[PDB]
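This document contains two forms of one protein chain, each encoded as structure tokens and listed individually as structure 1 and structure 2.
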Structure 1
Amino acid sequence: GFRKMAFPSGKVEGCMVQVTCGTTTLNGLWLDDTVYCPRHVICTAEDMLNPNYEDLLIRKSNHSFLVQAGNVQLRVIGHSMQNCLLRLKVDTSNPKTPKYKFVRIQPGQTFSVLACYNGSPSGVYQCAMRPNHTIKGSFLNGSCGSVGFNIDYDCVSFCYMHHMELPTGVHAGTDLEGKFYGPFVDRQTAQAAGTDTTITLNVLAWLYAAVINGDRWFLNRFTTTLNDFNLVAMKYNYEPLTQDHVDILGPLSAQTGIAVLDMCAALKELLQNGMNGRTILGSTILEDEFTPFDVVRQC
């Protein structure tokens, strides 16, 4: 019964709008009297090679932006730029605005994406911020402005806004203060992601889940120090494990009676010898987007 789950999306659906600037349309996020969207909405295809966004913006007026919340048209009172985001002040304050916060997600953590097209929600799914600051998403044309989030209690933490697809098929975007994750820039360019690495904390959580499921062929009685495990991990493009990660795994360690460093010695052997066709939780590939929190929450 281990599956990826998304947070319920209703609180975010109530904030999704459409923003149109001439020929280009995309999604924006309506909280109180401000609408947030990618700033490349003001761009033409010609402007996309090397845009001067401050120039492009001064040449726009409030009336240049068509903002539609479903049926209603909203009147843009003012506009400003915040990093790679446009902030549109609007006539009307969103009655559906939830309690919210803007957070910067860290590599390895997960969030739900509400994929939207023309301001209309289309689907929800879970994904993770990769170590190389991309996300392996599902985005078609028209998805820019779609938002990633977590929900704790009744408060929505917005963490991601979609901007771009890279030639490798992965996706890039910003936090809700308009700062890109990673070295990417909002212009058509030859940019490519760094070498991705595997989220070791999450592979270890997945192995604990596999043991909880009654799968423990990979266990052994070797010992490893944290330092010696980290040296092998990096050879195989796995992220090194920090002290904090070891403590994050404490609850799963106690539930299974497998010491964290002993699970690390199990993983070290999988890296060095491969699986030899055997499966773990049905797969020959080590899953790395299930967090320790996901495992404990589903037991």
Structure 2
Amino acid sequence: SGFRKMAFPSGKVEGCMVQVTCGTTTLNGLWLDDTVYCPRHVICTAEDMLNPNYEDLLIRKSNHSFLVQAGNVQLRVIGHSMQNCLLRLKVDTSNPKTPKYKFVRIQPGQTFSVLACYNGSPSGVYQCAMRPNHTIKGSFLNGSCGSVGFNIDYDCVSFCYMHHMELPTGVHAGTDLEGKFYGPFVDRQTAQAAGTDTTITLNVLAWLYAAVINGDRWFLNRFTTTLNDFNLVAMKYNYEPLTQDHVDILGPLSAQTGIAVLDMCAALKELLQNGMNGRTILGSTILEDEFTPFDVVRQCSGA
């Protein structure tokens, strides 16, 4: 019993974290096989950040310009190149702790674990969602760039996020591991801002199923709804429209609990319109949207 925001164990990722220094700037990199990946902004002076020509800035850098440390062991850089917003530093040693891995680009609404790191040293782990506006509501301080986000599936690590910057509202932006940003953001000094965000409807419905599995049932009613009529209430309360794909994804949780997807939608509609009337759901007074259907099933497991 119980339901917690839960992160993947971080060890397989800790074994890949290194410190990358270029001049006075230090941040983190990810060492997989004989390559270290890190944000390309590591090569920039403060002045360069205002209008960087990264191609031209990189050409003036030498392999010797980069100091890479794995723990207390220096790794010699033998090649450097750029891939989108990442630097790929080829090194003289293949990481013996490289896990089975994949690079994946995740979709808005999906969740992942973040291993916050400073100076190549892991400091904490937490679970996030990629928001509809392509930011994450993380916890990052200066020095955290190059920290990564990931999921783990049967000992295979799917890396999905590398941290590049904080935005003025204090939320966070980065790239996939091919170096393409999530969202319209750019790695240079501009007035860019996160767009308006939305609540992740599918995740809220998942979390209601989790509540039911854990014994909180008070919000279930005898009301019914159609997809159209639900989406009218979603729109008013700044929720994403529910789609048929979303309904299908909720099939397994619906079958386990015996509550029809549209019946849970009727429960959510009443929660939106009326509040909780002094009650809690899994100890929350807010409707949580950072658990996916997969997270619920994984954590509540079998029987």
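Numbers follow structure 1, counted from its first residue as 1. C-alpha atoms forming the largest set that superposes within 1.5 Å between two forms make up the rigid core.
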- Superposing on the core, which single option in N52, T44, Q255, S61 has a CA shift of 2 Å or more between the two structures? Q255
- Task: Treating the chain as two rigid parts, note the angle in degrees by which the smaller turns against the larger between the two structures.
- Result: 12
- Using a rigid core superposition, the C-alpha offset of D244 between the two structures in Å is 1.3
- Quick one: CA shift at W217 between the two structures, core fit, Å? 4.3
- Note on the structure: Once the two forms are overlaid on the core, the CA atom of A266 shifts between the two structures, in angstrom, by 2.8
